[PDB]
Amino acid sequence: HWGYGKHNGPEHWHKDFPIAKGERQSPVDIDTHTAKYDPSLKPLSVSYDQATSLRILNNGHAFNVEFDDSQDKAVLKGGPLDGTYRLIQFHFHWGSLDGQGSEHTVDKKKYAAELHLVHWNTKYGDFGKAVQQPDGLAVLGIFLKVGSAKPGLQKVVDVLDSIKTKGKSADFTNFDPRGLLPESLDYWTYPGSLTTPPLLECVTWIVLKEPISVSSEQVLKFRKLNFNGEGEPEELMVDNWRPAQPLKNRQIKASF
Ligand SMILES: O[n+]1ccccc1S
Ligand SMILES: [Zn+2]
């Protein structure tokens, strides 16, 4: 029964998921004066031209926009990565107020939200096998700040009313995730974990330096979602973010 409240939030997760206190937990604070440029990093390649979205689901924690990952249609390669990583879903974490919401922080700065584009390493055949491997996933993290509207997010915003409560889904075909990307692909990378239970330590994190801007009306529609199921008392889906975790013996590298 994990969640984001007092009684079931991040400080409780370690009881059911002891890896919460592990050596490679995410998110982390990115100290820009400690992260070092790595000339060994190869160019990052985001190839989303043939992406095939299918559906959007409120899972009681966030919403997932799901993709057809039965073939190499939307892949992430290059940068720190060896091989090919297939896009399976994206989701966001966000706050109740514009001053909080992101999971990663940059010199302790919190953004209003954070987008996670989740990809799995095709050498392991499926997502479920990939998450049991230290290089099984690659998550592209993108910060959201409140300013101008993001045209490419509006199709997402406008379907949320149809998936207000936990367990609801809606058809969501022909959504282009390229429209959620900032101009620059300058990034930081480090080894980490899923930021939700089961908190598996399988992720190569790639966190873009340049945030995207979204409008206050857009993020306000995120905040109208519900953690609860239909017919239950309303608990707004806000502050579904885990705070920064100890860096331990890890290196954050910069691509720039
Ligand atoms: O929050 N989250 C859920 C699933 C896979 C990755 C991540 S970051
Ligand atoms: Zn996430």
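All values below were derived from every heavy atom in this structure, side-chain atoms included, with hydrogens, water molecules and symmetry-related copies excluded. Residues take their numbers from the sequence shown, with the count starting at 1. Each ligand, and each atom within it, is numbered from 1 in the order the structure gives.
- Here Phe222 and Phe63 bring their ring centres to under 6.0 angstrom of each other.
- Looking only at its N/O/S atoms, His91 has NE2 as the one nearest to the Zn ion (ligand 2).
- The six-membered or imidazole ring of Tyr4 lies away from that of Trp241, with a centre-to-centre distance of 6.0 Å or more.
- In this structure, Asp29 and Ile252 approach most closely via the heavy-atom pair O-CD1, 3.8 Å.
- For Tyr111 and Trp94, the ring centers are positioned 6.0 Å apart or more.
- Just one residue in the list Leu57, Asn59, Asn64 forms a side chain to side chain contact (heavy atoms under 4.5 Å, CB included) with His91, and that residue is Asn64.
- Ligand 1 lies less than 4.0 angstrom from a heavy atom belonging to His93.
- Residue contact check: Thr195 has heavy atoms under 4.0 Å from atoms 1 (O), 8 (S) of ligand 1.
- Aromatic ring centres of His104 and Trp205: separated by under 6.0 Å.
- At the Zn ion (ligand 2), the vertex angle linking NE2 of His93 with ND1 of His116 is 90° (nearest 10 degrees).
- Distances from ligand 1 to the non-hydrogen atoms of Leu194 include at least one value under 4.0 Å.
- Nearest approach of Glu23 to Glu201, heavy atoms of both residues: N-OE2, 3.4 Å.
- The closest protein non-hydrogen atom to atom 3 (C) of ligand 1 is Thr196 OG1, 3.3 Å.
- The closest protein non-hydrogen atom to atom 4 (C) of ligand 1 is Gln89 NE2, 3.8 Å.
- Close approach to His116 involves these atoms of ligand 1, each under 4.0 Å from a residue heavy atom: 8 (S).
- For the pair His91 and ligand 1, a heavy-atom separation below 4.0 Å is found.
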